[PDB]
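In the block that follows, a single chain appears as structure tokens, in the form deposited in one PDB entry.
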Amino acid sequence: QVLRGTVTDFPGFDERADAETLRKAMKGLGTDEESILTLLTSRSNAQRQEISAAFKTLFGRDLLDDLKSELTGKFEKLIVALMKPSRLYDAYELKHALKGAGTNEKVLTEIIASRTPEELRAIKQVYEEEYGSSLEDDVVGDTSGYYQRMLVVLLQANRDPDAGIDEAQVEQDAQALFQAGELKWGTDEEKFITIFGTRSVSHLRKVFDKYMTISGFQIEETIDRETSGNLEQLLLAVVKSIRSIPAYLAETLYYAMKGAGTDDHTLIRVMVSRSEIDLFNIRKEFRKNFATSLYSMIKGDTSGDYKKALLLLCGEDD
């Protein structure tokens, strides 16, 4: 594993040229959504920021206010996601799950499960800088119970460092998890939230081995993904991220298209948020694990400029 994304710095970029092109495409009645799509999906995020800066000095206009007026639908919500400064997209996405749009634990479980404690400190820092309130307090307001408790544990970003691995506490933790999991994760929540939340990744992947020997099964089996119980799902997410974030994230995209529905808000979020970080890796797991390329799935569930961009993000190569 070399963490890679799918979007890189466009070579021989001209932020002025870029911005002018993008002025013609809005310009007049009609929109050149292809021209808009192809350009910004073929640019990285920092670059997109230079083009907004250039669009303003040139024309005296707000690039994003113009995109927000020209566009609709999901291709709008996609473009608008592209133009989010990477530093912000996650906390933007946390804010909105918390504002308005009622019950959105799916989003909270996704980010806070699947970010590295270095990602979690910055998010907390930026949100509290952008929106004025603390993420942790906002989460406490809008959540309840152990699901809340666990998130607030996860939000501390304070796991045991990977160092020496204590085979005795690996035995003790896999016990606690054994029994609690045939208690339906339904008893002694305080005890398992401390193990899931504070232990090291390298310690936990060992505990998870130590379960599959003692119980003959792997700890996932003991939960249902379809059935609710935010905690169980949060639990389940942690067990999958502790094993492998790009694999968790490739499974999140895969059930975003499963059945009736394409859960576009999950689609947009992952593609975009991981695009310059690990989107490569997420492909190279989806293929192998789900046996179809991500590309073609998306080419399949989606349609329009929205799938043009999305495919353009994904990249048809490896």
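Position 1 is the first residue in the sequence shown; the rest follow in order. The term rigid core refers to the most C-alpha atoms you can superpose between the two forms while keeping them within 1.5 Å.
There is also a form deposited in another entry; it is not shown, and the following applies to it.
Q: Rigid core as reference, CA moved 2 Å or more between this form and the one not shown - which of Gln148, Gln233, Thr222, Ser241?
A: The answer here is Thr222.
Q: If you line up the core, does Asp209 shift 2 angstroms or more at its C-alpha between this form and the one not shown?
A: For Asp209, whose C-alpha is compared between this form and the one not shown after core superposition, the shift is less than 2 Å.
Q: Superposing on the rigid core, is the CA of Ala180 displaced by 2 Å or more between this form and the one not shown?
A: Yes.
Q: Which way does the C-alpha gap of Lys184 and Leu249 go in that other deposited form, closer or farther, given it changes by 3 angstroms or more?
A: More distant in that other deposited form, by 3 Å or more.
Q: Between the shown chain and the other structure, the Cα gap of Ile193 to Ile223 differs by 3 Å or more. Is it closer or farther in that other deposited form?
A: Closer: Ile193 and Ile223 approach by 3 Å or more in that other deposited form.
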